[PDB]
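Fold and contact review
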Amino acid sequence: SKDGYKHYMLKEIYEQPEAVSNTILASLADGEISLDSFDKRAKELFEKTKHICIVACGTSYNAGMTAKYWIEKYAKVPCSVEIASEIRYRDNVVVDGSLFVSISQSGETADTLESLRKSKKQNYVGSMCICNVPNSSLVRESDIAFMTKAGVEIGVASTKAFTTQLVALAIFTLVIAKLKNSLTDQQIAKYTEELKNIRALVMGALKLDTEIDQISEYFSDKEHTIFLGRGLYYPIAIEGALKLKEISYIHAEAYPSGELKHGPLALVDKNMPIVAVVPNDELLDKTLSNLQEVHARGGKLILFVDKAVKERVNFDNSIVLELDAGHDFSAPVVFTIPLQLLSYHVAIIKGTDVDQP
Amino acid sequence: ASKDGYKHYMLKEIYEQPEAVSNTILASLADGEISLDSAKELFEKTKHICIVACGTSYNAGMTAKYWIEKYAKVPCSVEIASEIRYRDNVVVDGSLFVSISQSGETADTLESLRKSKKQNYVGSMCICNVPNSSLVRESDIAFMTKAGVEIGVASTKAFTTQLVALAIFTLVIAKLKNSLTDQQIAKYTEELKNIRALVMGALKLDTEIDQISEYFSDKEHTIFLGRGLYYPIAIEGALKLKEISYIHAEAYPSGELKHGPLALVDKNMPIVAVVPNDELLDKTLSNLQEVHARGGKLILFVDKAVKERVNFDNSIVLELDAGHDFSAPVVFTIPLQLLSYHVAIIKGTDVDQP
């Protein structure tokens, strides 16, 4: 069933508030993030963890990249993130006390699954899967499984699997943080409340649907797009580009906003759409400065901006949609939504398939 | 200011690469051998290596990572300087901060080094080309490339010499940590020395590549493919083509077409791929097959020892002897540099800085 939506992909984008909130709920006990909701081996395994090794592919790899910022900053555990089809065949070294974390919607992704199998002959303390399908090879073969509650996906692009993977990784960050005393019980509580507030913010984000539909006409004759973000939002930009590419077949590519200097300024002219995410954080002034460079070349700026910075965002002839995105934990998820909607509508404009067979 | 008889500074710089490579090795040899007298204190304390850089130097770092983990067996991470600079990061115990930069003045990289002094690194090392640069001055050890001066728009000899310095570093650290036998150090040392002739063999393709570049005249996209070591080499290729021809060139790890990158392939789409003589040939060949079935125009730079297994109707194949893990990454970069130069000339774009 599409539940009245025009396409399954659009239904799934609209299930995200429920999905996000179901994922959080499953790890709570009395509204607090609880270690008791995890498998009971989990704690011993986390006490031994000194390094976290995230392996995944595609959208799940983009989630992992986002999570590394959170893990290092809040849990203070070093984190590396690697593409499964590369680590699988590479002759790598495993830090002592390394936890192997895989991320997968289906739990059957070949390269990820085979990276897990290889890891069992290496120096890891153990494995954890962030997965959506219980009773999948990845869940069975890992020591512990944190389950997302995304339900099933028929959209060509994954939507709710990505946001729920982000939320699971945020919850994991706080569990680790607490166990290793990286955060006070009061910080844990403040960031837990921020995760709970995601549902309302995601729903707000979904309000931009109609305006994003109107904007998407701009893309009908376009064969390139550039996505921009910094920090946590770089991987969010990469995920946005992946959706656009995957279902509209536009050559969409993401760049960390600080790196335009060398490569991508060259590509920007007056026919080039630039989609950027401009959050309420420490790096606003850098980002506005990077955006200026791009504006200077005639790029068509399409900006999704947190309401708290919109007054500071002024570019002649840009398009600016504003929203409340919250802080470090919520904003990466919230800003994803517009990008999913963008890719949905541009796909319709191009007449490409949004749903799978 | 001399073009040395070449038509452009960039062409000249491409052709200085044999000299620059060999000069970079020389400055780190002692009687043709990797010795430490040519600091040993830090490397002893180093348990993890953190490479920080941007653009081309970052792509050199990404290649070196494969080497360092495989041969030196030291865990290594590479990060883009403008991100690590502002990120709340955690430093593993025993981490060596390694920066890479031609000028030694790159703001993001320089500030990352300054930030690192307040963190838990055992010390720093530069891989730099300008002695008396902030990065040289402020690092504990410097490993000098001998790239001379660049005036081309795209960096050519900065990149190859950075790779060679990083290979040398790998072997130094490997010896000191006893990760390889003296006989393996000797053999890989010979491999680096052999680069000069292999790079000269590659420069002979200049004319053929000129004929090929004809294909790119009306193209606005290109995809670059590589696996393992050769993925960052593909990224470097893409960076050059984009930077000087303004084509929308993008590199992908050949294992990850199985997402969107396959959707972008049609029959008017050049696919530039590096095909080395390594264990991954079978999977690279499968990857190329799928790209081929969707109408991609394959353009393949291929090691001679595997050219017999490369058979695609309507593809363009240039073969060369590229050697093994240390030399081939540097050898395969040469044709991609040459490609971007010629394509730029075909697009009427500029190859040289004013």
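Calculation criteria
In this document, every chain is numbered from 1 following its sequence as written, which may not correspond to the numbering used in the entry; residues for which no coordinates exist are not shown. For naming, the first written chain is A and the first written ligand is 1, with later ones following in the order written. With hydrogens and water stripped out, all remaining heavy atoms of the structure feed into the side-chain values. The split of the chain into domains comes from an automatic or database domain assignment. Between two residues, a contact is recorded if the distance between any of their heavy atoms is within 4.5 Å. Note on definitions: buried area is the accessible-area loss of two parts on being combined, 1.4 Å probe, summed for both. Any carboxyl oxygen of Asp or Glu within 4 Å of a side-chain nitrogen of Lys or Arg constitutes a salt bridge here. Polar contacts here mean pairs of N or O atoms no more than 3.5 Å apart (in protein, one a potential hydrogen donor and the other a potential acceptor; neighbouring residues in sequence count only if both atoms are side-chain atoms). Secondary structure elements follow DSSP: runs of H or I no shorter than four residues count as helices, runs of E no shorter than two count as strands, and numbering proceeds from the N terminus. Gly is put with the polar residues, along with every residue not named as nonpolar or charged; the nonpolar set is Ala, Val, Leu, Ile, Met, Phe, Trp, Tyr, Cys and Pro, and the charged set is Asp, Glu, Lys and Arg. Two strands form a pair only when DSSP identifies at least two bridges running between them. Axis definition: a line fitted to C-alpha atoms, over the contacting stretch in the case of helices. Angles run 0 to 180 degrees between N-to-C directions. For each residue, the accessible area found with a 1.4 Å probe, counting protein chains only, is set against the maximum for its type, and the residue is called buried under 20%, exposed over 50%, and partly exposed in between. Handedness is read with the strands pointing away from the viewer; a crossover is right-handed when the path from the first strand over the helix to the second is clockwise.

This brings us to the domain arrangement of chain A. All names here are of chain A. Parsing chain A into structural domains produces domain 1 (1-202 + 353-357) and domain 2 (204-352). Summarising the inter-unit geometry, the C-alpha centres of domain 1 and domain 2 are found 25 Å apart. The interface of domain 1 with domain 2 comprises 37 residues on the first partner and 35 residues on the second. Overall, the association of domain 1 and domain 2 removes approximately 3100 Å² of surface from exposure, summing both partners, and the carbon and sulfur fraction of that is 68%. Looking at the side of domain 1 facing domain 2, the largest losses of area belong to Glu-194, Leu-201 and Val-202, adding up to 19% of the total buried there. Where domain 1 packs against domain 2, one counts one salt bridge. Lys-73 is paired through a salt bridge with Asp-328; the nearest N and O atoms lie 2.8 Å apart. Taken together, the links from domain 1 to domain 2 amount to 21 residue pairs in polar contact. Elements with a minimum of two residues in the side of domain 1 that touches domain 2: α1 (8-14), α2 (16-25), α4 (59-75), α8 (160-179), α9 (185-196) and α10 (198-206). Top element by residues in the side of domain 1 that touches domain 2 is α4. It accounts for eight residues. Split into classes, the residues belonging to the side of domain 1 that touches domain 2 amount to 23 nonpolar, 10 polar and four charged.

In this section: the sheet that holds strand β4 (residues 123-128) of chain B. Residues and elements named next belong to chain B. Spatial ordering of the open sheet is given by β2-β1-β3-β4-β5, a layout of five strands whose pairing is parallel. Sheet topology places β2 (76-80) and β5 (141-144) at the edges, where each strand pairs with a single neighbour. In this sheet, neighbouring strand axes are inclined to one another by 20° on average, regardless of whether the strands run parallel or antiparallel. As defined by bridge partners, strand β3 (residues 95-101) adjoins β4 across six bridges and the pair is classed as parallel. Residue pairing for β4: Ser-101 is matched across the bridge by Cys-128.

Summarising the element assignment, A:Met9 is placed in helix α1. Beyond its immediate sequence surroundings of up to four residues, A:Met9 is in contact with A:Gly155, A:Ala157, A:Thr159, A:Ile247, A:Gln340, A:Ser343, A:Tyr344, A:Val354 and A:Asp355.

Time to look at the domain arrangement of chain B. Residues and elements named next belong to chain B. Domain assignment breaks chain B into domain 1 (1-199 + 350-354) and domain 2 (201-349). One C-alpha centre belongs to domain 1, the other to domain 2, and the line joining them spans 25 Å. On the domain 2 side, the residues contacting the 37 residues of domain 1 number 35 residues. Both sides of the domain 1 and domain 2 interface together cover about 3100 Å² of buried area, and 68% of this is carbon and sulfur. Counting the surface domain 1 buries against domain 2, the share from its top three residues, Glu-191, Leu-198 and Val-199, is 20%. For the pair domain 1 and domain 2, the number of links is one salt bridge. In this structure, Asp-325 and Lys-70 form a salt bridge, with 2.9 Å as the shortest nitrogen-oxygen distance.

Our next topic: the pairing of β2(B). Here is the key point about a regular strand: its side chains alternate between the two faces of the sheet. Residues and elements named next belong to chain B. With four of its five residues buried, β2 lies for the most part within the structure. In terms of strand pairing, strand β1 (residues 48-53) meets β2 through five bridges, oriented parallel. Its bridge partner being in β2, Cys-50 is matched across the sheet by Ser-77. Between the parallel elements β1 and β2, the chain passes through helix α4 (residues 55-72) in a crossover that is right-handed.

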